[PDB]
Amino acid sequence: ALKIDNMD
Amino acid sequence: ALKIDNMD
Amino acid sequence: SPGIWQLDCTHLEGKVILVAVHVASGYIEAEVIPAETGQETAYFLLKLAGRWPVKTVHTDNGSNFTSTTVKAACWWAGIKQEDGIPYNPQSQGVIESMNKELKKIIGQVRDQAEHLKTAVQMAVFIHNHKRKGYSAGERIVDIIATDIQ
Amino acid sequence: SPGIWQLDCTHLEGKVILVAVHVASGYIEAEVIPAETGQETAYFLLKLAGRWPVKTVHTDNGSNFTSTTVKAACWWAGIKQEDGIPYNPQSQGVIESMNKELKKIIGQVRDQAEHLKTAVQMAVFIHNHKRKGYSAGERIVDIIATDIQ
Ligand SMILES: [Cl-]
Ligand SMILES: [Cl-]
């Protein structure tokens, strides 16, 4: 999700 | 529950 | 000095952020929970006392002071559970200004995190690494190491 | 020295216990998750780096070494993400003996806790406070304070 905690 | 993390 | 911590509970995004502050250094640890209960507070203090040498905790409100489960965790971990009455009036202000600063930081990082709990740990990191010049993470290690020696 | 940590993942009760070991002291932090994923490992490292000055982490397997989410958390927190190949063969044995010891302690406390995660935090507490005589909690503070000065 392009987040540090969920790069998907 | 008489447990340290749940005394009920 | 070295073993005294204070609990603090603030709200954001419809959830609760529970914080433990090491009073002498300003170093903090925090977690996000859906609501503050004795059971969650007790588990949080068990985590804290396995990580730092926690002698006394000033609880954040009378419900967590009274809670049998918080008392059980404090007994298990060898912590003196105390009230958190601001006998020194400057204390209310210091905690309030901390919660304000933590929420500011959370807003600054919030778009880098899917979950609030990630943003709160980013805020914990920035708070504990900021130099004031030593940081609060430096000051708590120095204080505890001085106590050990 | 002061900033090197190693990840370790062990299984109990159908769940996973993720552990970070500060290599020079033997101090540990741990959590229980339903299964080891890059996202959970990344969040765990972000917590750890907000609490201690983590310079390098030796990851526990090639999946968490490769994970883009673990790489992102390590970039965010300023950690050098490394492999955890036991170039010193004595390492496999030290980690394995640690997992055996932690499971033994979990078993000894397990009936005082409703949830496994509480028993694991009780084991973390007993492990970090045990005097070997200094405890691992004393040694990690000693080591980091010496580094700061
Ligand atoms: Cl609440
Ligand atoms: Cl797994």
# chains A, B, ... in the order shown; residues from 1 in each chain; ligands from 1
$ residues_near_ligand --ligand "ligand 2" --cutoff "7 Å" --atoms "only C-alpha atoms and all ligand atoms" --output "ChimeraX atom specification"
/D:16,35-37
$ write_last_selection --atoms "N, CA and C atoms" --output "short mmCIF file (atom, residue, chain, number, x, y, z; two decimals), in the first residue's frame"
data_model
loop_
_atom_site.label_atom_id
_atom_site.label_comp_id
_atom_site.auth_asym_id
_atom_site.auth_seq_id
_atom_site.Cartn_x
_atom_site.Cartn_y
_atom_site.Cartn_z
N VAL D 16 3.43 -17.54 16.82
CA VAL D 16 4.81 -17.28 16.60
C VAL D 16 5.27 -16.28 17.68
N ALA D 35 1.46 -15.13 12.83
CA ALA D 35 2.39 -15.75 11.94
C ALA D 35 3.43 -14.70 11.53
N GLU D 36 4.65 -15.15 11.15
CA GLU D 36 5.67 -14.17 10.84
C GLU D 36 5.49 -13.66 9.43
N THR D 37 5.23 -12.37 9.30
CA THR D 37 5.12 -11.75 7.97
C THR D 37 6.14 -10.54 7.96
#
$ select_by_dssp --residues "chain C" --states "strand (DSSP E)" --output "ChimeraX atom specification"
/C:4-12,15-22,27-33,56-58,80-82
$ residues_around --residues "stretch 3-7 of chain A" --least-positions-apart "5" --cutoff "6 Å" --atoms "only C-alpha atoms" --output "PyMOL selection string"
(chain C and resi 112-114) or (chain D and resi 39+69+72-73)
$ write_last_selection --atoms "N, CA, C and O atoms" --output "mmCIF file, in the first residue's frame"
data_model
loop_
_atom_site.group_PDB
_atom_site.id
_atom_site.type_symbol
_atom_site.label_atom_id
_atom_site.label_comp_id
_atom_site.auth_asym_id
_atom_site.auth_seq_id
_atom_site.Cartn_x
_atom_site.Cartn_y
_atom_site.Cartn_z
ATOM 1 N N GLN C 112 2.427 8.372 6.169
ATOM 2 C CA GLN C 112 3.443 7.364 5.851
ATOM 3 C C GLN C 112 3.073 5.989 6.428
ATOM 4 O O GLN C 112 3.807 5.014 6.185
ATOM 5 N N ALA C 113 1.989 5.933 7.208
ATOM 6 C CA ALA C 113 1.577 4.699 7.907
ATOM 7 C C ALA C 113 0.161 4.272 7.486
ATOM 8 O O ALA C 113 -0.744 5.102 7.469
ATOM 9 N N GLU C 114 -0.032 2.993 7.219
ATOM 10 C CA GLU C 114 -1.409 2.528 7.119
ATOM 11 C C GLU C 114 -2.146 2.577 8.430
ATOM 12 O O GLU C 114 -3.286 2.989 8.439
ATOM 13 N N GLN D 39 5.257 -7.489 7.136
ATOM 14 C CA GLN D 39 4.616 -6.384 7.852
ATOM 15 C C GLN D 39 4.769 -6.482 9.384
ATOM 16 O O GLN D 39 4.999 -5.451 10.029
ATOM 17 N N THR D 69 8.744 -4.376 2.951
ATOM 18 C CA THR D 69 8.213 -3.625 4.121
ATOM 19 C C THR D 69 9.235 -3.601 5.251
ATOM 20 O O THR D 69 9.464 -2.558 5.857
ATOM 21 N N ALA D 72 11.704 -1.031 4.240
ATOM 22 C CA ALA D 72 11.139 0.340 4.436
ATOM 23 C C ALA D 72 11.226 0.725 5.911
ATOM 24 O O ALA D 72 11.534 1.880 6.199
ATOM 25 N N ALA D 73 10.847 -0.147 6.841
ATOM 26 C CA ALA D 73 10.953 0.207 8.251
ATOM 27 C C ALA D 73 12.361 0.421 8.660
ATOM 28 O O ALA D 73 12.710 1.316 9.475
#
$ residues_near_ligand --ligand "ligand 1" --cutoff "12 Å" --atoms "only C-alpha atoms and all ligand atoms" --output "number ranges by chain"
C: 8-12, 14-18, 32-38, 40-41, 60-61, 63-64
$ write_last_selection --atoms "N, CA, C and O atoms" --output "short mmCIF file (atom, residue, chain, number, x, y, z; two decimals), in the first residue's frame"
data_model
loop_
_atom_site.label_atom_id
_atom_site.label_comp_id
_atom_site.auth_asym_id
_atom_site.auth_seq_id
_atom_site.Cartn_x
_atom_site.Cartn_y
_atom_site.Cartn_z
N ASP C 8 -0.02 7.92 31.22
CA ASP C 8 -0.77 9.04 30.58
C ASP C 8 -1.61 8.46 29.46
O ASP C 8 -1.17 7.57 28.76
N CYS C 9 -2.86 8.91 29.28
CA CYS C 9 -3.74 8.29 28.32
C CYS C 9 -4.31 9.46 27.56
O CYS C 9 -4.73 10.49 28.17
N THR C 10 -4.17 9.39 26.23
CA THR C 10 -4.72 10.45 25.31
C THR C 10 -5.49 9.83 24.18
O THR C 10 -5.44 8.64 23.93
N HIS C 11 -6.37 10.62 23.54
CA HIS C 11 -7.24 10.04 22.54
C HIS C 11 -6.94 10.60 21.17
O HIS C 11 -6.63 11.77 21.09
N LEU C 12 -7.02 9.74 20.18
CA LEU C 12 -6.87 10.15 18.75
C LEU C 12 -7.56 9.17 17.86
O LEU C 12 -7.51 7.92 18.02
N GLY C 14 -10.52 8.14 17.51
CA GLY C 14 -11.43 7.25 18.15
C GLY C 14 -10.79 6.12 18.91
O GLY C 14 -11.49 5.23 19.37
N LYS C 15 -9.45 6.15 19.03
CA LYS C 15 -8.73 5.12 19.79
C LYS C 15 -8.01 5.82 20.92
O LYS C 15 -8.11 7.05 21.12
N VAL C 16 -7.37 5.02 21.77
CA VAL C 16 -6.70 5.53 22.91
C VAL C 16 -5.18 5.27 22.74
O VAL C 16 -4.80 4.19 22.29
N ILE C 17 -4.37 6.26 23.12
CA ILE C 17 -2.88 6.04 23.07
C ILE C 17 -2.52 6.04 24.57
O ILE C 17 -2.72 7.00 25.29
N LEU C 18 -1.90 4.92 25.04
CA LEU C 18 -1.46 4.85 26.42
C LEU C 18 0.05 5.04 26.42
O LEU C 18 0.71 4.42 25.57
N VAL C 32 -1.22 1.72 21.14
CA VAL C 32 -2.60 2.11 20.79
C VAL C 32 -3.50 0.92 21.21
O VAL C 32 -3.25 -0.26 20.88
N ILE C 33 -4.61 1.26 21.91
CA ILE C 33 -5.65 0.26 22.29
C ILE C 33 -7.04 0.85 21.98
O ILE C 33 -7.17 2.03 21.77
N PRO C 34 -8.09 -0.02 21.89
CA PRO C 34 -9.37 0.54 21.45
C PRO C 34 -10.01 1.32 22.55
O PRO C 34 -10.66 2.37 22.25
N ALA C 35 -9.66 0.97 23.82
CA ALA C 35 -10.14 1.76 24.94
C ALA C 35 -9.29 1.45 26.19
O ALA C 35 -8.69 0.38 26.30
N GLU C 36 -9.24 2.38 27.16
CA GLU C 36 -8.37 2.10 28.30
C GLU C 36 -9.13 1.22 29.29
O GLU C 36 -10.31 1.53 29.61
N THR C 37 -8.62 0.03 29.56
CA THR C 37 -9.24 -0.85 30.55
C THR C 37 -8.09 -1.23 31.55
O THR C 37 -6.91 -1.13 31.24
N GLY C 38 -8.47 -1.76 32.71
CA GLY C 38 -7.43 -2.26 33.63
C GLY C 38 -6.62 -3.38 32.98
O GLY C 38 -5.39 -3.43 33.18
N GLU C 40 -5.88 -3.91 29.81
CA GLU C 40 -4.84 -3.39 28.86
C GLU C 40 -3.76 -2.67 29.61
O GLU C 40 -2.61 -2.76 29.23
N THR C 41 -4.10 -1.89 30.65
CA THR C 41 -3.07 -1.14 31.35
C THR C 41 -2.12 -2.10 32.03
O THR C 41 -0.88 -1.88 32.05
N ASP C 60 -2.55 6.88 35.97
CA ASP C 60 -3.06 8.04 35.24
C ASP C 60 -4.47 8.48 35.70
O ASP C 60 -4.87 9.59 35.38
N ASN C 61 -5.16 7.58 36.38
CA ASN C 61 -6.54 7.92 36.88
C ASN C 61 -6.89 6.88 37.97
O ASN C 61 -6.14 5.92 38.29
N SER C 63 -9.37 4.84 38.23
CA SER C 63 -9.87 3.52 37.79
C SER C 63 -8.66 2.54 37.65
O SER C 63 -8.72 1.41 38.16
N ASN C 64 -7.60 3.03 37.05
CA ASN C 64 -6.37 2.15 36.95
C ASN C 64 -5.68 2.07 38.29
O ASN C 64 -5.06 1.02 38.57
#
$ closest_residue --among "D:1, D:146, D:99, D:125" --to "residue C:54" --atoms "only C-alpha atoms"
D:125
$ closest_atom_pairs --of "chain C" --to "chain D" --cutoff "8 Å" --atoms "only C-alpha atoms" --output "CSV"
residue,atom,partner,partner_atom,distance
C:29,CA,D:51,CA,7.2
C:43,CA,D:118,CA,6.7
C:46,CA,D:121,CA,6.6
C:47,CA,D:121,CA,5.9
C:49,CA,D:125,CA,6.8
C:50,CA,D:125,CA,3.7
C:51,CA,D:125,CA,7.0
C:52,CA,D:137,CA,7.3
C:77,CA,D:125,CA,7.9
C:118,CA,D:43,CA,6.7
C:121,CA,D:47,CA,5.9
C:122,CA,D:46,CA,7.2
C:124,CA,D:50,CA,5.8
C:125,CA,D:50,CA,3.8
C:126,CA,D:50,CA,7.4
C:128,CA,D:50,CA,6.7
C:129,CA,D:50,CA,7.6
C:137,CA,D:51,CA,7.3
C:138,CA,D:148,CA,7.3
C:141,CA,D:141,CA,5.6
C:142,CA,D:145,CA,5.5
C:144,CA,D:141,CA,7.0
C:145,CA,D:142,CA,5.6
C:148,CA,D:138,CA,7.3
$ write_last_selection --atoms "N, CA, C and O atoms" --output "mmCIF file, in the first residue's frame"
data_model
loop_
_atom_site.group_PDB
_atom_site.id
_atom_site.type_symbol
_atom_site.label_atom_id
_atom_site.label_comp_id
_atom_site.auth_asym_id
_atom_site.auth_seq_id
_atom_site.Cartn_x
_atom_site.Cartn_y
_atom_site.Cartn_z
ATOM 1 N N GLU C 29 7.345 5.321 26.231
ATOM 2 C CA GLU C 29 6.945 4.106 25.473
ATOM 3 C C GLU C 29 5.395 4.300 25.297
ATOM 4 O O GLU C 29 4.762 4.961 26.131
ATOM 5 N N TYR C 43 -1.292 -5.157 31.135
ATOM 6 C CA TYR C 43 -0.362 -5.804 30.175
ATOM 7 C C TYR C 43 0.749 -4.791 29.736
ATOM 8 O O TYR C 43 1.927 -5.092 29.589
ATOM 9 N N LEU C 46 3.312 -4.679 32.452
ATOM 10 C CA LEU C 46 4.169 -5.848 32.397
ATOM 11 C C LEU C 46 5.195 -5.743 31.281
ATOM 12 O O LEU C 46 6.368 -6.060 31.519
ATOM 13 N N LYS C 47 4.807 -5.227 30.085
ATOM 14 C CA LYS C 47 5.785 -5.026 29.033
ATOM 15 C C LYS C 47 6.864 -4.029 29.462
ATOM 16 O O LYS C 47 8.107 -4.249 29.264
ATOM 17 N N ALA C 49 7.897 -3.121 32.463
ATOM 18 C CA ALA C 49 8.832 -3.537 33.511
ATOM 19 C C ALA C 49 9.763 -4.658 33.079
ATOM 20 O O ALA C 49 10.790 -4.834 33.742
ATOM 21 N N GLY C 50 9.449 -5.361 31.992
ATOM 22 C CA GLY C 50 10.476 -6.361 31.470
ATOM 23 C C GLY C 50 11.607 -5.681 30.710
ATOM 24 O O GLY C 50 12.689 -6.243 30.433
ATOM 25 N N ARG C 51 11.387 -4.398 30.369
ATOM 26 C CA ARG C 51 12.324 -3.662 29.511
ATOM 27 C C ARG C 51 13.140 -2.665 30.216
ATOM 28 O O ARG C 51 14.349 -2.431 29.867
ATOM 29 N N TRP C 52 12.608 -2.028 31.288
ATOM 30 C CA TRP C 52 13.318 -1.044 32.098
ATOM 31 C C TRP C 52 13.089 -1.339 33.566
ATOM 32 O O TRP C 52 12.093 -1.995 33.903
ATOM 33 N N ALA C 77 5.225 -7.820 38.736
ATOM 34 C CA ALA C 77 6.487 -7.168 38.305
ATOM 35 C C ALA C 77 7.334 -6.408 39.326
ATOM 36 O O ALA C 77 8.311 -5.771 38.958
ATOM 37 N N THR C 118 1.343 2.331 13.883
ATOM 38 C CA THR C 118 2.668 2.646 13.270
ATOM 39 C C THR C 118 3.072 4.135 13.407
ATOM 40 O O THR C 118 4.179 4.439 13.789
ATOM 41 N N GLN C 121 4.182 4.726 16.856
ATOM 42 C CA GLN C 121 5.576 4.327 17.161
ATOM 43 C C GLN C 121 6.634 5.212 16.456
ATOM 44 O O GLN C 121 7.720 5.399 16.966
ATOM 45 N N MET C 122 6.237 5.794 15.312
ATOM 46 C CA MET C 122 7.135 6.758 14.662
ATOM 47 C C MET C 122 7.283 7.974 15.547
ATOM 48 O O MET C 122 8.405 8.564 15.675
ATOM 49 N N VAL C 124 6.941 8.043 18.854
ATOM 50 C CA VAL C 124 7.749 7.630 19.983
ATOM 51 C C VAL C 124 9.224 7.732 19.569
ATOM 52 O O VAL C 124 10.062 8.232 20.346
ATOM 53 N N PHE C 125 9.570 7.181 18.388
ATOM 54 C CA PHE C 125 10.925 7.230 17.948
ATOM 55 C C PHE C 125 11.436 8.686 17.847
ATOM 56 O O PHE C 125 12.517 9.041 18.289
ATOM 57 N N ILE C 126 10.622 9.516 17.197
ATOM 58 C CA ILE C 126 11.119 10.936 17.039
ATOM 59 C C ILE C 126 11.218 11.612 18.368
ATOM 60 O O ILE C 126 12.257 12.301 18.631
ATOM 61 N N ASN C 128 11.924 10.266 21.323
ATOM 62 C CA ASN C 128 13.016 9.764 22.166
ATOM 63 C C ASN C 128 14.366 10.059 21.583
ATOM 64 O O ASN C 128 15.330 10.107 22.334
ATOM 65 N N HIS C 129 14.430 10.321 20.266
ATOM 66 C CA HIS C 129 15.749 10.601 19.619
ATOM 67 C C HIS C 129 16.016 12.126 19.572
ATOM 68 O O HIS C 129 17.161 12.498 19.320
ATOM 69 N N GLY C 137 16.364 9.447 25.126
ATOM 70 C CA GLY C 137 16.883 8.042 25.134
ATOM 71 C C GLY C 137 18.311 8.007 25.702
ATOM 72 O O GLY C 137 18.702 7.128 26.432
ATOM 73 N N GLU C 138 19.091 9.079 25.397
ATOM 74 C CA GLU C 138 20.392 9.171 26.094
ATOM 75 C C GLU C 138 20.277 9.386 27.584
ATOM 76 O O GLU C 138 21.067 8.787 28.339
ATOM 77 N N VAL C 141 19.264 6.151 29.691
ATOM 78 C CA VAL C 141 20.408 5.213 29.824
ATOM 79 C C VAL C 141 21.417 5.759 30.812
ATOM 80 O O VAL C 141 21.890 5.013 31.689
ATOM 81 N N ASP C 142 21.725 7.042 30.699
ATOM 82 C CA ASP C 142 22.739 7.679 31.620
ATOM 83 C C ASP C 142 22.274 7.613 33.047
ATOM 84 O O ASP C 142 23.001 7.225 33.980
ATOM 85 N N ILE C 144 20.031 5.520 34.434
ATOM 86 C CA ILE C 144 20.002 4.167 34.969
ATOM 87 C C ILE C 144 21.412 3.618 35.164
ATOM 88 O O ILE C 144 21.681 2.944 36.187
ATOM 89 N N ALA C 145 22.316 3.954 34.246
ATOM 90 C CA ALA C 145 23.707 3.384 34.359
ATOM 91 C C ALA C 145 24.367 3.998 35.609
ATOM 92 O O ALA C 145 25.101 3.315 36.324
ATOM 93 N N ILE C 148 23.142 2.082 38.563
ATOM 94 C CA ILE C 148 23.754 0.761 38.686
ATOM 95 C C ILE C 148 25.156 0.890 39.331
ATOM 96 O O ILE C 148 25.507 0.062 40.131
#
$ decode --residues "chain B" --atoms "N, CA, C and O atoms" --output "PDB file, in the first residue's frame"
ATOM      1  N   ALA B   1     -10.702 -13.592  35.979  1.00  0.00           N
ATOM      2  CA  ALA B   1     -10.440 -15.007  35.676  1.00  0.00           C
ATOM      3  C   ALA B   1      -9.323 -15.518  36.611  1.00  0.00           C
ATOM      4  O   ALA B   1      -8.807 -16.599  36.354  1.00  0.00           O
ATOM      5  N   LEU B   2      -8.988 -14.746  37.630  1.00  0.00           N
ATOM      6  CA  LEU B   2      -7.872 -14.927  38.586  1.00  0.00           C
ATOM      7  C   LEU B   2      -6.530 -15.174  37.830  1.00  0.00           C
ATOM      8  O   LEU B   2      -5.763 -16.041  38.231  1.00  0.00           O
ATOM      9  N   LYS B   3      -6.285 -14.426  36.742  1.00  0.00           N
ATOM     10  CA  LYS B   3      -5.037 -14.438  36.010  1.00  0.00           C
ATOM     11  C   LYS B   3      -4.438 -13.006  36.149  1.00  0.00           C
ATOM     12  O   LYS B   3      -5.186 -11.991  36.371  1.00  0.00           O
ATOM     13  N   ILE B   4      -3.110 -12.916  36.075  1.00  0.00           N
ATOM     14  CA  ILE B   4      -2.474 -11.604  36.234  1.00  0.00           C
ATOM     15  C   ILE B   4      -2.942 -10.585  35.193  1.00  0.00           C
ATOM     16  O   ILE B   4      -2.860  -9.369  35.445  1.00  0.00           O
ATOM     17  N   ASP B   5      -3.250 -11.072  34.005  1.00  0.00           N
ATOM     18  CA  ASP B   5      -3.730 -10.183  32.941  1.00  0.00           C
ATOM     19  C   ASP B   5      -5.261 -10.121  32.893  1.00  0.00           C
ATOM     20  O   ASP B   5      -5.773  -9.437  31.969  1.00  0.00           O
ATOM     21  N   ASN B   6      -5.965 -10.763  33.855  1.00  0.00           N
ATOM     22  CA  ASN B   6      -7.462 -10.732  33.915  1.00  0.00           C
ATOM     23  C   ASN B   6      -7.896 -11.280  35.238  1.00  0.00           C
ATOM     24  O   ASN B   6      -8.098 -12.504  35.386  1.00  0.00           O
ATOM     25  N   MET B   7      -7.986 -10.373  36.224  1.00  0.00           N
ATOM     26  CA  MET B   7      -8.247 -10.896  37.567  1.00  0.00           C
ATOM     27  C   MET B   7      -9.689 -11.369  37.721  1.00  0.00           C
ATOM     28  O   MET B   7      -9.958 -12.107  38.716  1.00  0.00           O
ATOM     29  N   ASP B   8     -10.580 -10.980  36.802  1.00  0.00           N
ATOM     30  CA  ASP B   8     -11.912 -11.604  36.871  1.00  0.00           C
ATOM     31  C   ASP B   8     -11.765 -13.139  36.668  1.00  0.00           C
ATOM     32  O   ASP B   8     -12.664 -13.904  37.120  1.00  0.00           O
TER      33      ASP B   8
END
